[PDB]
Structures are given as structure tokens and as C-alpha cells.
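Below is the file start37.txt, which contains compact mmCIF, N, CA and C atoms.
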# COMPACT_ATOMS: atom_id res chain seq x y z
N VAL A 1 29.93 -27.35 -28.34
CA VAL A 1 30.48 -26.17 -27.61
C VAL A 1 29.36 -25.51 -26.79
N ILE A 2 29.46 -25.57 -25.48
CA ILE A 2 28.40 -24.95 -24.60
C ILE A 2 28.89 -24.95 -23.13
N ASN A 3 28.33 -24.13 -22.27
CA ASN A 3 28.82 -24.11 -20.86
C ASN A 3 27.68 -23.80 -19.88
N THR A 4 26.47 -24.19 -20.21
CA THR A 4 25.32 -23.91 -19.29
C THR A 4 24.91 -25.20 -18.55
N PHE A 5 24.29 -25.08 -17.41
CA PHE A 5 23.87 -26.29 -16.65
C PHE A 5 22.92 -27.15 -17.49
N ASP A 6 21.78 -26.63 -17.87
CA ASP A 6 20.81 -27.42 -18.69
C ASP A 6 21.49 -27.89 -19.98
N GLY A 7 22.26 -27.02 -20.59
CA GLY A 7 22.99 -27.39 -21.85
C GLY A 7 23.88 -28.60 -21.60
N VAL A 8 24.60 -28.60 -20.50
CA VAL A 8 25.48 -29.76 -20.19
C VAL A 8 24.60 -30.98 -19.89
N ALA A 9 23.52 -30.78 -19.16
CA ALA A 9 22.59 -31.91 -18.86
C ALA A 9 22.02 -32.45 -20.17
N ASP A 10 21.36 -31.62 -20.95
CA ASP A 10 20.80 -32.11 -22.25
C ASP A 10 21.87 -32.87 -23.02
N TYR A 11 23.00 -32.24 -23.24
CA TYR A 11 24.12 -32.88 -23.98
C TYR A 11 24.56 -34.19 -23.28
N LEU A 12 24.75 -34.15 -21.98
CA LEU A 12 25.18 -35.38 -21.23
C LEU A 12 24.02 -36.37 -21.10
N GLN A 13 22.83 -35.92 -20.76
CA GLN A 13 21.68 -36.86 -20.63
C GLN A 13 21.38 -37.52 -21.99
N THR A 14 21.82 -36.94 -23.07
CA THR A 14 21.55 -37.52 -24.42
C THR A 14 22.74 -38.36 -24.91
N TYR A 15 23.95 -37.88 -24.73
CA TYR A 15 25.14 -38.62 -25.23
C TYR A 15 25.95 -39.25 -24.07
N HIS A 16 25.41 -39.30 -22.88
CA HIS A 16 26.16 -39.92 -21.73
C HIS A 16 27.59 -39.34 -21.66
N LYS A 17 27.78 -38.16 -22.20
CA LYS A 17 29.14 -37.54 -22.19
C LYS A 17 29.04 -36.02 -21.94
N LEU A 18 30.07 -35.44 -21.39
CA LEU A 18 30.06 -33.96 -21.12
C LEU A 18 30.34 -33.22 -22.44
N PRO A 19 29.80 -32.02 -22.59
CA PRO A 19 29.99 -31.19 -23.82
C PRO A 19 31.41 -31.26 -24.40
N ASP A 20 31.54 -31.09 -25.69
CA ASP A 20 32.87 -31.13 -26.37
C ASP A 20 33.77 -29.98 -25.86
N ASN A 21 33.85 -29.81 -24.58
CA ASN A 21 34.71 -28.72 -24.04
C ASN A 21 34.85 -28.86 -22.52
N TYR A 22 34.73 -30.05 -21.99
CA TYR A 22 34.86 -30.20 -20.51
C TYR A 22 36.03 -31.10 -20.17
N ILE A 23 37.04 -30.55 -19.55
CA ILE A 23 38.22 -31.40 -19.19
C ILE A 23 38.38 -31.46 -17.67
N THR A 24 38.73 -32.61 -17.16
CA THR A 24 38.86 -32.79 -15.69
C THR A 24 40.07 -32.04 -15.13
N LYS A 25 40.12 -31.90 -13.83
CA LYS A 25 41.27 -31.21 -13.18
C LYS A 25 42.49 -32.11 -13.37
N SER A 26 42.24 -33.41 -13.32
CA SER A 26 43.31 -34.42 -13.56
C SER A 26 44.12 -33.99 -14.78
N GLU A 27 43.50 -33.97 -15.93
CA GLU A 27 44.25 -33.57 -17.15
C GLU A 27 44.67 -32.11 -17.00
N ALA A 28 43.77 -31.20 -16.69
CA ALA A 28 44.20 -29.77 -16.50
C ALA A 28 45.52 -29.75 -15.71
N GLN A 29 45.58 -30.43 -14.57
CA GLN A 29 46.85 -30.42 -13.76
C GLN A 29 48.02 -31.01 -14.57
N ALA A 30 47.90 -32.22 -15.06
CA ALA A 30 49.02 -32.83 -15.84
C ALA A 30 49.31 -31.95 -17.06
N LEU A 31 48.30 -31.30 -17.57
CA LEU A 31 48.47 -30.42 -18.77
C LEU A 31 49.41 -29.27 -18.43
N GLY A 32 49.42 -28.87 -17.19
CA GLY A 32 50.32 -27.76 -16.76
C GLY A 32 49.51 -26.66 -16.06
N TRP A 33 48.76 -27.02 -15.03
CA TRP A 33 47.94 -26.00 -14.30
C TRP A 33 48.78 -25.36 -13.18
N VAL A 34 48.57 -24.09 -12.92
CA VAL A 34 49.36 -23.40 -11.84
C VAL A 34 48.41 -22.55 -10.99
N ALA A 35 48.41 -22.77 -9.69
CA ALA A 35 47.52 -22.00 -8.78
C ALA A 35 47.79 -20.50 -8.94
N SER A 36 49.02 -20.09 -8.81
CA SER A 36 49.36 -18.64 -8.95
C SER A 36 49.17 -18.20 -10.41
N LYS A 37 48.05 -18.53 -10.98
CA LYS A 37 47.77 -18.15 -12.40
C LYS A 37 46.37 -18.64 -12.78
N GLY A 38 46.09 -19.90 -12.53
CA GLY A 38 44.74 -20.46 -12.85
C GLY A 38 44.52 -20.38 -14.36
N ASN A 39 45.40 -20.96 -15.10
CA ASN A 39 45.28 -20.91 -16.58
C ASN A 39 44.16 -21.83 -17.08
N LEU A 40 43.70 -21.60 -18.28
CA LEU A 40 42.63 -22.47 -18.83
C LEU A 40 42.38 -22.13 -20.30
N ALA A 41 41.86 -20.97 -20.57
CA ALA A 41 41.55 -20.59 -21.98
C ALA A 41 42.82 -20.59 -22.80
N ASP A 42 43.96 -20.53 -22.15
CA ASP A 42 45.26 -20.51 -22.88
C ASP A 42 45.61 -21.94 -23.32
N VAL A 43 45.81 -22.81 -22.37
CA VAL A 43 46.17 -24.22 -22.70
C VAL A 43 44.93 -24.99 -23.19
N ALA A 44 43.76 -24.41 -23.06
CA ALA A 44 42.53 -25.09 -23.53
C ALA A 44 41.49 -24.03 -23.97
N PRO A 45 41.73 -23.37 -25.09
CA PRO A 45 40.83 -22.30 -25.63
C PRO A 45 39.38 -22.77 -25.87
N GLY A 46 38.42 -22.10 -25.29
CA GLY A 46 36.99 -22.48 -25.50
C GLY A 46 36.69 -23.78 -24.75
N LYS A 47 37.26 -23.94 -23.58
CA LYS A 47 37.03 -25.19 -22.77
C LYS A 47 36.79 -24.83 -21.29
N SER A 48 36.40 -25.81 -20.49
CA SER A 48 36.11 -25.53 -19.06
C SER A 48 36.54 -26.72 -18.19
N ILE A 49 36.67 -26.49 -16.91
CA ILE A 49 37.10 -27.58 -15.98
C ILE A 49 35.88 -28.41 -15.54
N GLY A 50 35.97 -29.71 -15.69
CA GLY A 50 34.84 -30.59 -15.26
C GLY A 50 35.09 -32.03 -15.71
N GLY A 51 34.51 -33.00 -15.04
CA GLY A 51 34.72 -34.42 -15.45
C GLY A 51 35.34 -35.24 -14.31
N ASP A 52 35.89 -34.60 -13.31
CA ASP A 52 36.49 -35.39 -12.18
C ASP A 52 35.37 -36.02 -11.35
N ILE A 53 35.64 -36.30 -10.10
CA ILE A 53 34.61 -36.94 -9.24
C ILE A 53 34.42 -36.13 -7.95
N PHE A 54 33.19 -36.00 -7.51
CA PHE A 54 32.91 -35.25 -6.26
C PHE A 54 32.58 -36.24 -5.14
N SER A 55 33.57 -36.66 -4.41
CA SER A 55 33.35 -37.65 -3.30
C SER A 55 32.39 -37.08 -2.24
N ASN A 56 31.41 -36.33 -2.66
CA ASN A 56 30.42 -35.75 -1.70
C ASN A 56 31.13 -35.29 -0.42
N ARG A 57 32.33 -34.76 -0.53
CA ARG A 57 33.05 -34.31 0.70
C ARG A 57 32.35 -33.07 1.28
N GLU A 58 31.04 -33.09 1.30
CA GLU A 58 30.29 -31.93 1.85
C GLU A 58 28.96 -32.40 2.46
N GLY A 59 28.54 -33.61 2.15
CA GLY A 59 27.24 -34.13 2.68
C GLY A 59 26.09 -33.28 2.13
N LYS A 60 26.24 -32.79 0.93
CA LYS A 60 25.17 -31.95 0.30
C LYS A 60 24.60 -32.70 -0.91
N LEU A 61 25.00 -33.92 -1.10
CA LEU A 61 24.49 -34.72 -2.26
C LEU A 61 24.03 -36.10 -1.76
N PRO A 62 22.97 -36.62 -2.35
CA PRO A 62 22.41 -37.95 -1.98
C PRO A 62 23.41 -39.10 -2.23
N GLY A 63 23.69 -39.88 -1.21
CA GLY A 63 24.67 -41.01 -1.37
C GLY A 63 23.91 -42.34 -1.52
N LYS A 64 24.62 -43.43 -1.52
CA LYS A 64 23.96 -44.77 -1.65
C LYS A 64 25.05 -45.86 -1.69
N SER A 65 24.77 -47.02 -1.15
CA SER A 65 25.79 -48.11 -1.17
C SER A 65 25.98 -48.58 -2.61
N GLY A 66 26.39 -47.69 -3.47
CA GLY A 66 26.59 -48.05 -4.91
C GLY A 66 26.19 -46.87 -5.80
N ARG A 67 27.04 -45.87 -5.89
CA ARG A 67 26.73 -44.68 -6.73
C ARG A 67 27.95 -43.76 -6.78
N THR A 68 27.95 -42.81 -7.66
CA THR A 68 29.11 -41.87 -7.74
C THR A 68 28.62 -40.46 -8.09
N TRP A 69 29.41 -39.47 -7.74
CA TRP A 69 29.04 -38.04 -8.02
C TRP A 69 30.19 -37.34 -8.77
N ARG A 70 29.88 -36.53 -9.77
CA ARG A 70 30.96 -35.81 -10.52
C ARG A 70 30.62 -34.30 -10.62
N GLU A 71 31.62 -33.44 -10.76
CA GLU A 71 31.35 -31.96 -10.83
C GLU A 71 31.80 -31.36 -12.18
N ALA A 72 31.39 -30.15 -12.46
CA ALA A 72 31.78 -29.49 -13.75
C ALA A 72 31.51 -27.98 -13.71
N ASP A 73 32.46 -27.19 -14.17
CA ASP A 73 32.32 -25.69 -14.19
C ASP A 73 31.10 -25.27 -15.00
N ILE A 74 30.54 -24.13 -14.68
CA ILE A 74 29.35 -23.63 -15.43
C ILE A 74 29.51 -22.14 -15.75
N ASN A 75 29.05 -21.72 -16.90
CA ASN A 75 29.17 -20.28 -17.29
C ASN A 75 30.64 -19.84 -17.28
N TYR A 76 31.42 -20.33 -18.21
CA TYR A 76 32.85 -19.92 -18.28
C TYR A 76 33.17 -19.44 -19.70
N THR A 77 34.23 -18.70 -19.84
CA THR A 77 34.62 -18.16 -21.18
C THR A 77 36.14 -18.21 -21.29
N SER A 78 36.81 -17.26 -20.69
CA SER A 78 38.30 -17.23 -20.75
C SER A 78 38.87 -16.58 -19.48
N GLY A 79 39.41 -17.36 -18.59
CA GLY A 79 39.99 -16.78 -17.33
C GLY A 79 40.16 -17.89 -16.28
N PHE A 80 39.23 -17.99 -15.37
CA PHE A 80 39.32 -19.05 -14.31
C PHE A 80 37.91 -19.55 -13.97
N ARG A 81 37.76 -20.33 -12.93
CA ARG A 81 36.39 -20.82 -12.57
C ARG A 81 35.56 -19.66 -12.00
N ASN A 82 34.57 -19.98 -11.22
CA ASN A 82 33.70 -18.93 -10.61
C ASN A 82 32.85 -19.60 -9.50
N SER A 83 31.67 -19.09 -9.21
CA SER A 83 30.83 -19.71 -8.14
C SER A 83 29.76 -20.63 -8.76
N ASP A 84 29.64 -20.64 -10.07
CA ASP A 84 28.61 -21.49 -10.75
C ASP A 84 29.18 -22.89 -11.05
N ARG A 85 28.58 -23.91 -10.49
CA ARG A 85 29.06 -25.30 -10.74
C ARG A 85 27.86 -26.23 -10.88
N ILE A 86 28.02 -27.28 -11.64
CA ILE A 86 26.91 -28.26 -11.81
C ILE A 86 27.38 -29.63 -11.29
N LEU A 87 26.53 -30.30 -10.56
CA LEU A 87 26.88 -31.63 -10.00
C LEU A 87 25.97 -32.68 -10.65
N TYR A 88 26.57 -33.68 -11.24
CA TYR A 88 25.77 -34.75 -11.90
C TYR A 88 26.03 -36.08 -11.19
N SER A 89 24.98 -36.74 -10.80
CA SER A 89 25.10 -38.03 -10.06
C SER A 89 25.04 -39.24 -10.99
N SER A 90 25.57 -40.35 -10.54
CA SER A 90 25.53 -41.59 -11.36
C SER A 90 24.08 -42.08 -11.45
N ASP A 91 23.24 -41.65 -10.54
CA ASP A 91 21.82 -42.09 -10.57
C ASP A 91 21.03 -41.23 -11.57
N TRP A 92 21.72 -40.44 -12.36
CA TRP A 92 21.04 -39.57 -13.37
C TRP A 92 20.42 -38.34 -12.69
N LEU A 93 21.01 -37.88 -11.61
CA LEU A 93 20.46 -36.68 -10.89
C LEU A 93 21.30 -35.43 -11.23
N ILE A 94 20.65 -34.32 -11.45
CA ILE A 94 21.38 -33.06 -11.80
C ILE A 94 21.26 -32.04 -10.65
N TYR A 95 22.38 -31.64 -10.08
CA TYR A 95 22.36 -30.65 -8.96
C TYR A 95 23.16 -29.41 -9.39
N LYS A 96 22.73 -28.23 -9.01
CA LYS A 96 23.46 -27.00 -9.42
C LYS A 96 23.72 -26.09 -8.21
N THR A 97 24.82 -25.38 -8.24
CA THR A 97 25.17 -24.43 -7.14
C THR A 97 25.50 -23.07 -7.75
N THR A 98 25.66 -22.05 -6.94
CA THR A 98 26.02 -20.69 -7.50
C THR A 98 26.92 -19.93 -6.52
N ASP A 99 27.21 -20.48 -5.37
CA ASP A 99 28.07 -19.75 -4.41
C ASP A 99 29.37 -20.53 -4.22
N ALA A 100 29.65 -21.40 -5.16
CA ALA A 100 30.89 -22.23 -5.10
C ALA A 100 30.71 -23.41 -4.13
N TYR A 101 29.78 -24.28 -4.42
CA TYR A 101 29.52 -25.49 -3.56
C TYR A 101 28.91 -25.09 -2.20
N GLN A 102 28.92 -23.83 -1.84
CA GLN A 102 28.32 -23.43 -0.52
C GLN A 102 26.90 -24.01 -0.40
N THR A 103 25.96 -23.48 -1.13
CA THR A 103 24.57 -24.03 -1.07
C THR A 103 24.39 -24.94 -2.29
N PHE A 104 23.22 -25.49 -2.47
CA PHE A 104 23.00 -26.38 -3.64
C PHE A 104 21.50 -26.52 -3.92
N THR A 105 21.12 -26.42 -5.16
CA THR A 105 19.68 -26.56 -5.54
C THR A 105 19.57 -27.61 -6.66
N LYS A 106 18.57 -28.46 -6.62
CA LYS A 106 18.43 -29.49 -7.68
C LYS A 106 17.66 -28.91 -8.87
N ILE A 107 18.07 -29.25 -10.07
CA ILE A 107 17.37 -28.74 -11.28
C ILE A 107 16.69 -29.91 -12.02
N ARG A 108 17.28 -31.08 -11.98
CA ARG A 108 16.65 -32.25 -12.66
C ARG A 108 16.93 -33.51 -11.82
Could you spell out this file's structure in C-alpha cells?
Amino acid sequence: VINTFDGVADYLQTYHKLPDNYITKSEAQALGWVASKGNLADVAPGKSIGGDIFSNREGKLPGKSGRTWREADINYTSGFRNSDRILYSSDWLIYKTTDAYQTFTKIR
């Protein structure tokens, strides 16, 4: 149980898996997600959105003819997302943002 960037990295860099509380939008949506509400702590108490894939649809992440990028919410409790997000690359690269994907700074 954790929701910090380094915490997710340590946990993921050690177990090749996201913290025991990260669910993708895919499942969140099929689970019953609604824009005019943005539910989460209700259908998933003590959990956060993350695990999908970030097709670098922003040109703010390093690409390569053979690699993938994924995103995950950061600093969450009970309500909706925010501007803090962490980006983890298939090349073992850790990228973090704080204005909602607007800018981006590398941490590991």
C-alpha cells in the first residue's frame, strides 16, 4: 500500500509490478467509471489509477524502435486524480510530472 513516485519505483523496480493498489483505466472503466463523478475510492478503496500505456502522445518521453511507456497516478487518497503523475518506461526509466503531463522531469 503506497502512492509516492519513488515508492512506486522502488516497489516496481524490485518486484517488476506496480504497488498493491494500482489499477489501469481499462479496468476502472469496465469496473464502472463515470466522468460526471470520477469515482475511485468507492469502487476501489485505498487504490489509484495506473497501469495502462502512455503512447507518448506528447513527444515528452524518449522513444525507440522497440520500447513502451506506461503512466500511473501519484499522491492520491480518496476522490479523483490530480496533477501528480509518474511515467515508467520499458527501458527502466522513471519520469515524473506535477502539472498533469504539462511539463516533465526525470527522477531515475
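The shortest atom-to-atom distance to residue 57 (chain A), with only C-alpha atoms taken into account, belongs to A:101 out of A:42, A:101, A:6, A:74.
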**Message:** Could you check the closest approach to residue 98 (chain A) for each of A:3, A:75, A:83, A:24 and tell me which residue wins, using only N, CA and C atoms?
**Reply:** A:83
**Request:** State, in Å with one decimal place, the distance from atom N of residue 90 (chain A) to CA of residue 70 (chain A).
**Result:** 7.0 Å
**Request:** Write out as an NGL selection string all residues of region 11-107 of chain A that DSSP puts in strand (DSSP E) for this structure's backbone.
**Result:** :A and (22-23 or 48-49 or 69-73 or 85-89 or 94-97 or 105-106)
May I have the centre and edge lengths, in Å to one decimal, of an axis-aligned box around the listed atoms of region 92-106 of chain A with 4 Å added to every side, as AutoDock Vina command-line options?
--center_x 24.3 --center_y -30.1 --center_z -6.9 --size_x 21.2 --size_y 28.7 --size_z 21.0
**Item:** Spatial sel., origin (41.2, -22.8, -11.2), limit 6.5 Å, only N, CA and C atoms, listed as a ChimeraX atom specification
**Value:** /A:38-39,80-81
Could those residues be written to a file, using N, CA and C atoms, as a JSON list (two decimals), keeping the file's coordinate frame?
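Saved as result_24.json:
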[["chain", "number", "residue", "atom", "x", "y", "z"],
["A", 38, "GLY", "N", 46.09, -19.90, -12.53],
["A", 38, "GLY", "CA", 44.74, -20.46, -12.85],
["A", 38, "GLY", "C", 44.52, -20.38, -14.36],
["A", 39, "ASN", "N", 45.40, -20.96, -15.10],
["A", 39, "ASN", "CA", 45.28, -20.91, -16.58],
["A", 39, "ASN", "C", 44.16, -21.83, -17.08],
["A", 80, "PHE", "N", 39.23, -17.99, -15.37],
["A", 80, "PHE", "CA", 39.32, -19.05, -14.31],
["A", 80, "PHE", "C", 37.91, -19.55, -13.97],
["A", 81, "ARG", "N", 37.76, -20.33, -12.93],
["A", 81, "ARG", "CA", 36.39, -20.82, -12.57],
["A", 81, "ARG", "C", 35.56, -19.66, -12.00]]
